[PDB]
Amino acid sequence: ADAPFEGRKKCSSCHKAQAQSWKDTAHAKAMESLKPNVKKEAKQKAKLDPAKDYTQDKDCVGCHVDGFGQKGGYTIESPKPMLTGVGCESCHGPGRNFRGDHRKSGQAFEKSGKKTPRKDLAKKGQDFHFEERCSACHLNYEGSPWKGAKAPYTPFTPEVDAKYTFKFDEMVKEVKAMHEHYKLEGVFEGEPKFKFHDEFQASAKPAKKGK
Ligand code: HEM
Ligand code: HEM
Ligand code: HEM
Ligand code: HEM
């Protein structure tokens, strides 16, 4: 299922709270890391040039940007800021086809209490899982548990430093890495439902910022 990427604009418009927490995460700042003389000591350890400008290097940008190599995604040729850094769609999926339902359903639910099955969103490409997406970026190195690893490889792996051992079940649970979770009224329900969804929502900060 391949809908085109559009970038963070509308997601952040309707989901300000999340986009507000997100803009502080490392993912949000991903392209910064590629600039010269930035994150120099970690670059040297991975044998990368701390003074080189990697921001247009095709062996790097694919993982610090939204949907590189995909319909509607980031291109080096013509950078689009709404698609730079790993944004909403890098985890939630290209949303050209599913945000449409986020609007309609929101209104249906507000007007008459109606709810929509996640199945419709998953059919239109929304991601409720999200491990394969993270893996393409984090476990793209020979010897990792992810099949289909091919150059360009993630230069930061356990061999460089143990902090880089990626464990989805632990890492999806770090709001400083993903983003803070806020309370849903539950306009969407049912399968495919994320395995930690009820847990995240059980402890979410109260909603805020309109709809
Ligand atoms: C291309 C040669 C390239 C560069 C340059 C680059 C740099 C870079 C930096 C400076 C970091 C931060 C490291 C730190 O410890 O602070 C970083 C982090 C990650 N990268 Fe990267 N990166 C380049 C290329 C790639 C490619 C091709 C991928 C995906 C296959 C990729 C992925 C990642 C991931 C994942 C991280 C996070 C590591 C972690 O904290 O677990 N990078 N990159
Ligand atoms: C981009 C700025 C972005 C938006 C917008 C966004 C929104 C969003 C919402 C509304 C939820 C549900 C409610 C909540 O606050 O928990 C949600 C949930 C998850 N997100 Fe997200 N999200 C954006 C970006 C990202 C990125 C880049 C990642 C991955 C690093 C990510 C991950 C997650 C995860 C995991 C959840 C939980 C899913 C669930 O409980 O069903 N989001 N996001
Ligand atoms: C999928 C839900 C997913 C998870 C989980 C995840 C986690 C994660 C962590 C914990 C970090 C470290 C953050 C920190 O130290 O503060 C991290 C860092 C990067 N990630 Fe990631 N990540 C997930 C998904 C993805 C995807 C799909 C990509 C590639 C488009 C990606 C890339 C990166 C990069 C790059 C970093 C480093 C940021 C920087 O300092 O440059 N992640 N991720
Ligand atoms: C942009 C492509 C975009 C993303 C990404 C996104 C994500 C998202 C998630 C993860 C949820 C939660 C679904 C679940 O319960 O598993 C969610 C929910 C709602 N969204 Fe959204 N959303 C994106 C875009 C938009 C846009 C542009 C709007 C507004 C026109 C919008 C609206 C909503 C509404 C309403 C919900 C339901 C809230 C509730 O409390 O149940 N989204 N979105």
# chains A, B, ... in the order shown; residues from 1 in each chain; ligands from 1
call {"tool": "select_by_dssp", "arguments": {"residues": "range 64-137 of chain A", "states": "helix (DSSP H, G or I)", "output": "number ranges by chain"}}
result
A: 81-83, 88-92, 99-112, 118-123, 131-137
call {"tool": "residues_near_ligand", "arguments": {"ligand": "ligand 1", "cutoff": "9 Å", "atoms": "only C-alpha atoms and all ligand atoms", "output": "CSV table (one decimal) with C-alpha atoms, in the first residue's frame"}}
result
chain,number,residue,atom,x,y,z
A,26,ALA,CA,16.0,14.1,17.9
A,27,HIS,CA,13.9,12.8,14.9
A,30,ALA,CA,17.6,14.8,12.1
A,31,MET,CA,18.9,17.0,9.3
A,32,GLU,CA,20.9,19.1,11.7
A,33,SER,CA,23.1,16.1,12.4
A,34,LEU,CA,24.2,16.1,8.8
A,35,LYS,CA,25.6,19.6,8.8
A,38,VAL,CA,27.9,19.1,14.3
A,39,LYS,CA,27.8,16.0,16.4
A,40,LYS,CA,31.5,15.7,15.7
A,41,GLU,CA,32.7,13.2,18.4
A,42,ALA,CA,30.0,10.7,17.5
A,43,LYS,CA,30.8,11.2,13.8
A,46,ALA,CA,31.6,6.0,13.4
A,48,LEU,CA,32.6,10.0,9.4
A,49,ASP,CA,34.1,13.4,8.7
A,50,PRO,CA,33.1,15.9,11.4
A,52,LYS,CA,32.0,17.4,5.9
A,53,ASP,CA,28.6,18.7,4.8
A,54,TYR,CA,26.6,15.6,4.5
A,55,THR,CA,23.2,17.3,4.0
A,57,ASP,CA,24.6,13.1,0.5
A,58,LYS,CA,22.4,10.3,-0.9
A,59,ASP,CA,24.1,7.9,1.5
A,60,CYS,CA,22.7,9.8,4.4
A,61,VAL,CA,19.6,11.9,3.9
A,62,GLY,CA,17.3,8.9,3.3
A,63,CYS,CA,17.2,8.3,7.0
A,64,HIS,CA,17.0,11.8,8.3
A,134,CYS,CA,11.6,2.2,12.4
A,135,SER,CA,13.7,-0.9,11.4
A,136,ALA,CA,14.4,0.3,7.8
A,137,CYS,CA,16.3,3.2,9.4
A,138,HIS,CA,17.6,1.7,12.7
A,139,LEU,CA,18.3,-1.8,11.8
A,140,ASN,CA,19.7,-1.4,8.3
A,141,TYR,CA,23.0,-3.0,8.9
A,149,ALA,CA,19.5,-4.6,4.7
A,150,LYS,CA,21.4,-3.0,1.9
A,151,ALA,CA,23.7,0.0,1.4
A,152,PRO,CA,23.5,2.8,2.5
A,153,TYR,CA,23.8,1.2,6.0
A,154,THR,CA,23.0,2.9,9.2
A,155,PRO,CA,26.5,4.1,10.3
A,156,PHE,CA,25.4,3.9,14.0
A,157,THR,CA,25.2,0.4,15.3
A,158,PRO,CA,26.1,-1.6,18.4
A,161,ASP,CA,28.7,2.0,20.5
A,163,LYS,CA,23.8,2.8,23.1
A,164,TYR,CA,22.8,2.2,19.4
A,165,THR,CA,21.2,-1.2,20.1
A,166,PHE,CA,17.7,-0.7,18.9
call {"tool": "residues_near_ligand", "arguments": {"ligand": "ligand 2", "cutoff": "9 Å", "atoms": "only C-alpha atoms and all ligand atoms", "output": "ChimeraX atom specification"}}
result
/A:7-23,25,27-28,85-92,127-130,133-134,172-173,175,177-184,193-201,204-205,207
call {"tool": "write_last_selection", "arguments": {"atoms": "C-alpha atoms", "output": "mmCIF file, in the first residue's frame"}}
result
data_model
loop_
_atom_site.group_PDB
_atom_site.id
_atom_site.type_symbol
_atom_site.label_atom_id
_atom_site.label_comp_id
_atom_site.auth_asym_id
_atom_site.auth_seq_id
_atom_site.Cartn_x
_atom_site.Cartn_y
_atom_site.Cartn_z
ATOM 1 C CA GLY A 7 4.765 16.224 4.851
ATOM 2 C CA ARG A 8 3.819 17.343 8.344
ATOM 3 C CA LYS A 9 1.600 20.312 7.555
ATOM 4 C CA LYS A 10 -1.956 19.146 8.079
ATOM 5 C CA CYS A 11 -1.091 16.513 10.682
ATOM 6 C CA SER A 12 0.454 19.279 12.794
ATOM 7 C CA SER A 13 -2.445 21.589 12.125
ATOM 8 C CA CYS A 14 -5.036 19.138 13.537
ATOM 9 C CA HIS A 15 -2.592 17.645 16.075
ATOM 10 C CA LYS A 16 -0.786 20.624 17.545
ATOM 11 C CA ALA A 17 -0.070 19.070 20.933
ATOM 12 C CA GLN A 18 1.765 16.105 19.388
ATOM 13 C CA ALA A 19 3.607 18.285 16.778
ATOM 14 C CA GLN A 20 4.662 20.572 19.642
ATOM 15 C CA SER A 21 6.274 17.708 21.587
ATOM 16 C CA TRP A 22 7.623 16.201 18.395
ATOM 17 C CA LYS A 23 9.555 19.328 17.287
ATOM 18 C CA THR A 25 12.775 15.181 19.526
ATOM 19 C CA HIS A 27 13.943 12.846 14.898
ATOM 20 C CA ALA A 28 12.724 16.419 14.347
ATOM 21 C CA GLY A 85 13.728 15.502 9.750
ATOM 22 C CA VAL A 86 11.802 12.224 10.336
ATOM 23 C CA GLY A 87 8.241 13.435 10.699
ATOM 24 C CA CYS A 88 4.719 12.235 11.319
ATOM 25 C CA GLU A 89 4.534 10.065 8.249
ATOM 26 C CA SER A 90 7.847 8.325 8.881
ATOM 27 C CA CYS A 91 6.039 6.480 11.683
ATOM 28 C CA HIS A 92 2.338 6.900 10.785
ATOM 29 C CA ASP A 127 0.394 2.527 10.089
ATOM 30 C CA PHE A 128 -0.614 1.044 13.429
ATOM 31 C CA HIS A 129 2.430 -1.180 14.044
ATOM 32 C CA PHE A 130 5.212 0.652 13.283
ATOM 33 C CA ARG A 133 9.197 1.527 9.496
ATOM 34 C CA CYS A 134 11.624 2.152 12.387
ATOM 35 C CA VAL A 172 8.495 2.925 21.360
ATOM 36 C CA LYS A 173 7.844 3.634 25.032
ATOM 37 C CA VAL A 175 8.012 9.827 24.760
ATOM 38 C CA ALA A 177 12.092 9.704 21.368
ATOM 39 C CA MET A 178 8.554 9.448 19.886
ATOM 40 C CA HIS A 179 6.573 12.288 21.458
ATOM 41 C CA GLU A 180 4.237 12.904 24.328
ATOM 42 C CA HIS A 181 0.854 11.135 24.044
ATOM 43 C CA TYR A 182 -2.377 13.077 24.634
ATOM 44 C CA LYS A 183 -5.960 11.870 25.315
ATOM 45 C CA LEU A 184 -8.125 10.692 22.487
ATOM 46 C CA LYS A 193 -4.886 -1.556 17.093
ATOM 47 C CA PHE A 194 -1.333 -0.776 18.315
ATOM 48 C CA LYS A 195 -0.263 -3.160 21.104
ATOM 49 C CA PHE A 196 0.617 -0.388 23.578
ATOM 50 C CA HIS A 197 -2.221 1.885 22.512
ATOM 51 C CA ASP A 198 -4.393 1.350 25.574
ATOM 52 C CA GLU A 199 -1.358 1.673 27.776
ATOM 53 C CA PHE A 200 -0.283 4.983 26.135
ATOM 54 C CA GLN A 201 -3.772 6.401 26.280
ATOM 55 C CA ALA A 204 -1.782 10.342 28.396
ATOM 56 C CA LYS A 205 -1.685 14.034 29.263
ATOM 57 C CA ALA A 207 -6.094 16.955 25.355
#
call {"tool": "atom_distance", "arguments": {"atom1": "atom 30 (C, counted along the ligand's line) of ligand 3", "atom2": "CA of residue 68 in chain A"}}
result
7.9 Å
call {"tool": "select_by_dssp", "arguments": {"residues": "chain A", "states": "strand (DSSP E)", "output": "PyMOL selection string"}}
result
chain A and resi 116-117+188-189
call {"tool": "residues_around", "arguments": {"residues": "residue 74 in chain A", "least_positions_apart": "4", "cutoff": "10 Å", "atoms": "only C-alpha atoms", "output": "PDB file with C-alpha atoms, in the first residue's frame"}}
result
ATOM      1  CA  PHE A   5       3.794  11.457   1.344  1.00  0.00           C
ATOM      2  CA  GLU A   6       2.770  15.092   1.840  1.00  0.00           C
ATOM      3  CA  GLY A   7       4.765  16.224   4.851  1.00  0.00           C
ATOM      4  CA  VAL A  61      19.570  11.861   3.876  1.00  0.00           C
ATOM      5  CA  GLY A  62      17.325   8.873   3.266  1.00  0.00           C
ATOM      6  CA  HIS A  64      16.993  11.829   8.295  1.00  0.00           C
ATOM      7  CA  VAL A  65      14.031  12.752   6.185  1.00  0.00           C
ATOM      8  CA  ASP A  66      10.383  11.786   5.388  1.00  0.00           C
ATOM      9  CA  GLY A  67       9.730   9.179   2.713  1.00  0.00           C
ATOM     10  CA  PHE A  68      12.977   9.484   0.830  1.00  0.00           C
ATOM     11  CA  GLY A  69      12.710   7.530  -2.461  1.00  0.00           C
ATOM     12  CA  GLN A  70       8.914   7.366  -2.186  1.00  0.00           C
ATOM     13  CA  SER A  78      14.372  20.241  -4.220  1.00  0.00           C
ATOM     14  CA  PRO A  79      14.215  20.212  -0.431  1.00  0.00           C
ATOM     15  CA  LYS A  80      10.826  20.764   1.213  1.00  0.00           C
ATOM     16  CA  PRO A  81      10.982  21.744   4.919  1.00  0.00           C
ATOM     17  CA  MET A  82       7.698  20.018   5.760  1.00  0.00           C
ATOM     18  CA  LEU A  83       9.443  16.768   4.820  1.00  0.00           C
ATOM     19  CA  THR A  84      12.801  17.345   6.560  1.00  0.00           C
ATOM     20  CA  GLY A  85      13.728  15.502   9.750  1.00  0.00           C
TER      21      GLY A  85
END
call {"tool": "closest_residue", "arguments": {"among": "A:174, A:169, A:101, A:142", "to": "residue 126 in chain A", "atoms": "only C-alpha atoms"}}
result
A:101
call {"tool": "closest_residue", "arguments": {"among": "A:77, A:24, A:159, A:131", "to": "ligand 3", "atoms": "only C-alpha atoms and all ligand atoms"}}
result
A:131
call {"tool": "atom_distance", "arguments": {"atom1": "atom 12 (C, counted along the ligand's line) of ligand 3", "atom2": "CA of residue 185 in chain A"}}
result
29.3 Å
call {"tool": "atom_distance", "arguments": {"atom1": "CA of residue 187 in chain A", "atom2": "atom 37 (C, counted along the ligand's line) of ligand 4"}}
result
5.1 Å
call {"tool": "closest_residue", "arguments": {"among": "A:210, A:125, A:143, A:106", "to": "ligand 4", "atoms": "only C-alpha atoms and all ligand atoms"}}
result
A:106
call {"tool": "residues_around", "arguments": {"residues": "residue 98 in chain A", "least_positions_apart": "3", "cutoff": "6 Å", "atoms": "only C-alpha atoms", "output": "number ranges by chain"}}
result
A: 95, 101, 121, 124
call {"tool": "closest_residue", "arguments": {"among": "A:118, A:44, A:93, A:190", "to": "ligand 3", "atoms": "only C-alpha atoms and all ligand atoms"}}
result
A:93
call {"tool": "decode", "arguments": {"residues": "range 176-203 of chain A", "atoms": "N, CA, C and O atoms", "output": "compact mmCIF listing (two decimals), in the first residue's frame"}}
result
# COMPACT_ATOMS: atom_id res chain seq x y z
N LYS A 176 10.28 10.81 24.86
CA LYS A 176 11.30 11.81 24.45
C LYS A 176 11.83 11.44 23.07
O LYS A 176 12.38 12.29 22.37
N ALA A 177 11.65 10.17 22.67
CA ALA A 177 12.09 9.70 21.37
C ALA A 177 10.96 9.75 20.34
O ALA A 177 11.19 10.07 19.19
N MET A 178 9.74 9.40 20.76
CA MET A 178 8.55 9.45 19.89
C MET A 178 7.97 10.85 20.03
O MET A 178 8.19 11.75 19.21
N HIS A 179 7.17 11.01 21.09
CA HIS A 179 6.57 12.29 21.46
C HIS A 179 5.57 12.00 22.52
O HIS A 179 5.15 10.88 22.68
N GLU A 180 5.23 13.03 23.28
CA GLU A 180 4.24 12.90 24.33
C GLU A 180 2.88 12.48 23.75
O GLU A 180 2.46 12.92 22.66
N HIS A 181 2.18 11.61 24.48
CA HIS A 181 0.85 11.13 24.04
C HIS A 181 -0.23 11.89 24.79
O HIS A 181 -0.11 12.09 26.01
N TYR A 182 -1.25 12.34 24.06
CA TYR A 182 -2.38 13.08 24.63
C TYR A 182 -3.69 12.30 24.44
O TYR A 182 -3.79 11.50 23.52
N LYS A 183 -4.66 12.54 25.32
CA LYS A 183 -5.96 11.87 25.31
C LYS A 183 -6.85 11.97 24.08
O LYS A 183 -7.18 13.06 23.58
N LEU A 184 -7.27 10.80 23.63
CA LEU A 184 -8.13 10.69 22.49
C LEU A 184 -9.54 10.50 23.01
O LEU A 184 -9.74 9.95 24.08
N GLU A 185 -10.50 11.01 22.24
CA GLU A 185 -11.90 10.88 22.58
C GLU A 185 -12.34 9.54 22.01
O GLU A 185 -13.36 8.99 22.40
N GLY A 186 -11.54 9.02 21.08
CA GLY A 186 -11.80 7.71 20.52
C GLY A 186 -12.74 7.69 19.34
O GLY A 186 -13.70 6.89 19.35
N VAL A 187 -12.49 8.53 18.33
CA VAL A 187 -13.35 8.51 17.17
C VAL A 187 -13.04 7.27 16.35
O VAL A 187 -13.90 6.79 15.60
N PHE A 188 -11.84 6.71 16.51
CA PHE A 188 -11.42 5.52 15.80
C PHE A 188 -11.30 4.41 16.82
O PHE A 188 -10.87 4.64 17.97
N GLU A 189 -11.67 3.19 16.39
CA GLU A 189 -11.65 2.03 17.28
C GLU A 189 -11.42 0.75 16.51
O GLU A 189 -11.54 0.72 15.29
N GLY A 190 -11.11 -0.31 17.25
CA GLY A 190 -10.92 -1.59 16.60
C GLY A 190 -9.55 -1.86 16.03
O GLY A 190 -8.62 -1.05 16.11
N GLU A 191 -9.44 -3.04 15.43
CA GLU A 191 -8.21 -3.54 14.82
C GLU A 191 -8.01 -2.90 13.45
O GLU A 191 -8.99 -2.57 12.78
N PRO A 192 -6.75 -2.72 13.00
CA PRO A 192 -5.49 -3.06 13.68
C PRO A 192 -5.21 -2.01 14.75
O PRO A 192 -5.11 -0.83 14.47
N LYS A 193 -5.10 -2.46 15.99
CA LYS A 193 -4.89 -1.56 17.09
C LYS A 193 -3.49 -1.77 17.66
O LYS A 193 -3.14 -2.90 17.98
N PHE A 194 -2.69 -0.70 17.77
CA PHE A 194 -1.33 -0.78 18.31
C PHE A 194 -1.29 -1.48 19.69
O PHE A 194 -2.06 -1.18 20.57
N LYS A 195 -0.35 -2.38 19.88
CA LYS A 195 -0.26 -3.16 21.10
C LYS A 195 -0.09 -2.43 22.43
O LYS A 195 -0.36 -2.99 23.49
N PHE A 196 0.40 -1.20 22.38
CA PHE A 196 0.62 -0.39 23.58
C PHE A 196 -0.33 0.81 23.56
O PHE A 196 -0.18 1.74 24.34
N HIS A 197 -1.29 0.79 22.65
CA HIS A 197 -2.22 1.88 22.51
C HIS A 197 -3.01 2.17 23.78
O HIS A 197 -3.08 3.32 24.22
N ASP A 198 -3.60 1.14 24.37
CA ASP A 198 -4.39 1.35 25.57
C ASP A 198 -3.47 1.80 26.70
O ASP A 198 -3.83 2.65 27.53
N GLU A 199 -2.27 1.26 26.74
CA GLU A 199 -1.36 1.67 27.78
C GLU A 199 -0.98 3.16 27.59
O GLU A 199 -1.00 3.92 28.55
N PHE A 200 -0.67 3.58 26.36
CA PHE A 200 -0.28 4.98 26.14
C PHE A 200 -1.40 5.93 26.51
O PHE A 200 -1.19 6.91 27.22
N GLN A 201 -2.58 5.61 26.02
CA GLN A 201 -3.77 6.40 26.28
C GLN A 201 -4.17 6.38 27.77
O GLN A 201 -4.72 7.37 28.27
N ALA A 202 -3.91 5.27 28.46
CA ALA A 202 -4.24 5.19 29.88
C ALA A 202 -3.45 6.23 30.69
O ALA A 202 -3.92 6.76 31.70
N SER A 203 -2.24 6.53 30.22
CA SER A 203 -1.43 7.50 30.93
C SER A 203 -1.21 8.83 30.19
O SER A 203 -0.37 9.62 30.60
